[PDB]
Structures are given as C-alpha cells and as structure tokens.
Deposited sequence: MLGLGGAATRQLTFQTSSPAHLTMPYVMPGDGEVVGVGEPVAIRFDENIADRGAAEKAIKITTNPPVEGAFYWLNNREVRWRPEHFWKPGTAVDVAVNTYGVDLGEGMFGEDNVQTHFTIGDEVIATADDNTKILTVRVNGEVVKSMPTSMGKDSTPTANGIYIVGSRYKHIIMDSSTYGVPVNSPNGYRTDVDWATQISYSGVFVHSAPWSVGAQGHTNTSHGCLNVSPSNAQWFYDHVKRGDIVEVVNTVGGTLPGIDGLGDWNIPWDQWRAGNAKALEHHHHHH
C-alpha cells in the first residue's frame, strides 16, 4: 500500500533544452490530481509548465517551448504520506535540482538525408544518414536524446556509439554496413544510420535532453507518449493534461 517516487533527471545533471521533468512511481497512481498537487517545480528564470501522464506510473512536466539555456530547475516531490488513491500512500519525498545546458538541435531531413547539428543556432556538424526503409520508415517529429551506449546488442546486432532517441528503439548509431547508402538511400528498420566516425562524434557531443528532429520522411509522426516523444503533443493538449483521464 506504499508507492515510491523516482525523479529524472538526476540531481546536479546538466541536460538539453528538450529534457522533461519525469516523476515515475513504482505503482499505478489512481489519483493523478493528488500526485500532481504534491509535486512543486520551481524554475529560474520562471517559465510556465504543465503535467502530462505517459502511462499509469509516470508523469512529465515541461514548458510550452524548449527550455532556455542556463535555466535552473528545482523539483520537490512532496509525496510522503499523501493519499494517491485506492488506498496507496506516498512512501517518501524526493528532490532534484538540475540545469539546462546549450541548445543542441539536430535535424534529419529525408529530402537531403543529412543530419545537421546546430548548437545555439550554429551549424557545427553535418552527417550523411540512412533512415528507415519505406516499409519501416523513421517517424517524423521531435525526439529527445535519452541514454547512450558505447556498444549495445540491439534486439541480434552488435552496434557501436548508440544514442537512444525513442523508447520505440530509434537510435543514432554507427552503421558500417550502410556507409555507401548514407546520404542517398534509406535502408534501416527506423534507426538513423551514420558512419562510425559520425556516430562517435554524435555520442561525444550530445547530452540527455538534446533534440533530434526528423522531417520529410514517408513515416507518420512519433507518438507523444513514446517516452522520448513529449514535444509531439501540442501544447494545448499537454497543458489540459490527463489527470482525470
């Protein structure tokens, strides 16, 4: 009858301008309103933001637009002993403080099959890419950079320099097998294939909460409730929330 909250990002982290605050509970939350009320987010410079649930256990908070670099965020999850519905009570409080770093937005345009990395509005890197085949396309939309792996076995394929950008399993990563197609032809299951050198560059130069935007593919749009797809939910839907849904 107790539920523990877990907050991301980590205390003292510097994250990108797309990073939502995430409060994840280890049990389903029946009274989302109570949970939201128990979570106090302070921003400096102050910016309006709102809660939206990605699933029964995890709520996100973010502003209407990407964060401003330098913004400091304090999160107080004051859930200890709070009634969260159906006889479940918050086990404890948790807190985090984090800050926003540089604006890093990488745009993959299916028209050019180039991923262009912009840091604070400035092009710093361009890399040929091979995106999802027509039958398995990469969805368009805004993706948030999540975890990274120097090496990972995808699921069985060994992969180097893998930067995760969706929970659905889209990564930017080393793809030595499609170097010839990069910049020319889509060959993947959905991942953004780039050269070993470019994948290592990307891995080294991004951080959690940086943004990848995919445009002009034959896919649809990445689901807002993917896990890293938050920004695809239009603000008016996000702000309205789903506490009573």
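Gaps without C-alpha coordinates occur at 1 to 20, 176 to 189, 280 to 287, with positions taken along the deposited sequence from 1.
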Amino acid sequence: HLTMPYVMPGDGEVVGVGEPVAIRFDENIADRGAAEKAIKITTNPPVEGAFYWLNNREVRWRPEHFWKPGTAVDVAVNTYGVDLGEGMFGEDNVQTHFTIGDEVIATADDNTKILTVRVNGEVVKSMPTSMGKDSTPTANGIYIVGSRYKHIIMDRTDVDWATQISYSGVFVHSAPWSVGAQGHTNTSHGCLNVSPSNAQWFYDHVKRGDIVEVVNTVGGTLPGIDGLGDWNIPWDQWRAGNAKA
From here on, numbers count along this sequence of modelled residues.
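Rigid core here is just the name for the largest C-alpha set that superposes within 1.5 Å across the two forms.
Two stretches, 79 to 87 and 122 to 130, are weighed by how far their CA atoms sit from the shown form in 7 other deposited structures of this protein after rigid core superposition; the farther one is 79 to 87. Taking only CA atoms, the mean B-factor in the PDB entry is higher for 33 to 41 than for the other of 62 to 70 and 33 to 41. 226 to 234 and 5 to 13 differ in mean CA B-factor, and the higher of the two is recorded for 5 to 13. Note on the listed residues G90, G146, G141, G101: the highest Cα temperature factor in the record is that of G90.
For the set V218, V206, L54, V215, the maximum C-alpha B-factor listed in the entry falls on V218. Per the PDB record, residue ranking by Cα B-factor puts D210 in the lowest third of the chain.
The entry lists a Cα temperature factor for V172 that places it in the lowest third of the chain's modelled residues. The deposited CA B-factor of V47 belongs to the middle third of values across its chain.
In the deposited entry, the Cα temperature factor of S166 places it in the lowest third of its chain's modelled residues. For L84, the recorded CA B-factor ranks within the highest third of the chain. Only modelled residues enter the ranking.
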